[PDB]
Every structure is written in C-alpha cells, then in structure tokens.
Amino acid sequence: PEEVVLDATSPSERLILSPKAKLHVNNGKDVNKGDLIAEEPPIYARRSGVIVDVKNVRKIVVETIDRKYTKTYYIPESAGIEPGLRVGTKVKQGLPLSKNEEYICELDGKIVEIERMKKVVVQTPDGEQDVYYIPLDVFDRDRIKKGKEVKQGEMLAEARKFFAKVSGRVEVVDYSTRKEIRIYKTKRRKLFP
C-alpha cells in the first residue's frame, strides 16, 4: 500500500470506547490528525425524577501489561487525585489511587484511560436512584444541575465525538465490554514491481 505498519510499532493513540460507540473508521484505513473516528451515543434518562447530586469525579481505567485484566474506578475529585496520573502511568497493586487512600489500585499495570466526568444522581418520585457518568465534553451546566427535574427518555447529554489525535493507519478491536481504535505510524516501503 506504499506505506506499511511494522509489526514492532506500538500505537501512537489507543482510544478506549464504550461498546455502544459508533465507529467512523475500519481496519486498515489511513486517517489524518483531526478526522472524526468515533461517536459515543447521547445519554438519556432511564426514569423520570429529580437531580439530587452532581459531583466531579475522575474515571480511571487500569489494565495489566498482558491485557488479561482491567479495572475501572470512579474516584471523587475530593478524594484527591495526583496531577501526575495520566495515560501510560505505571501503577502497582495495593498502592492508593487517591490522596485519602480510600481508593486502592487492584492491578499491576498501566492507566489506559483517565477522564474528568460529572457523576449525576437522579432520584425517582418513589425513592429509587439512577447514576449517570457524564464526560465533561458533553456536560451542560445549565441543564444538569441539582434540583432540576428530568423526564424518562430526555437527553441528559449529547453524543460525544472523537477526532484522531495523530495521523496514521487504523486498527479497530471489538470486545464484549468495550471497543478500541489504535492508530499506528506508517513507514514507506521500497518501490517493488
């Protein structure tokens, strides 16, 4: 294809997505930095009720080096998250992910996703609660606020769009519990007829 990806090349972006995500690329496609590559669907209220809490949280997903296991943590910003945690950070089992040590890491591995979100709690008229985690990118502070009424089926947040952070060739992987897009840098191959 004139340009190829070496089997030794590691991805320049590895995007982790919900299993409901709509992919806008396919295996082997070349993309340019800034191209649309995926969209997560809008977030809708499952039941009518009133918003009783809106809280800043950090979602952190950790994966073992062999990729056999992952854990996902939703940690309140108030528990204290070190500013040095980012994608690629190496973590160890038994060490705290929060300053107050209430959240402990359960795997040796690396952080593969870390994102600021708003935890939104809706309480139904008969006293049940639903919990939503809304990415900051699609959070609207005028509509999602304590005391606001929501109705079954109402959109709480728009679909979230994802654009390539780098140019290269796409690999898509589909698991039961998530989708990923990896983008790899390519190398020019020798003109061979």
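The numbering used is simple: start at 1 and walk along the sequence shown.
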Inset, instruction - Between 10-18 and 168-176, point out the one with the higher average CA B-factor as the PDB entry records it. - result: 168-176
Legend entry - Entry-level comparison of average CA B-factors, 143-151 and 55-63, reporting the higher stretch: 143-151
Legend entry - Given 137, 40, 126, 35, the residue at which the Cα B factor reaches its maximum: 126
Inset, instruction - Would you check the entry's CA temperature factor for residue 83 and let me know if it's in the chain's lowest, middle or highest third? - result: highest
Legend entry - CA B-factor placement of residue 108, once the chain's modelled residues are sorted into thirds: highest
Legend entry - Third of the chain's Cα B-factor distribution that residue 160 belongs to, per the entry: lowest
Inset, instruction - For residue 25, return the chain-relative third of its C-alpha B-factor as stated in the PDB record: lowest, middle or highest. - result: highest
Legend entry - Assigned third (lowest, middle, highest) for the C-alpha B factor of residue 72: lowest
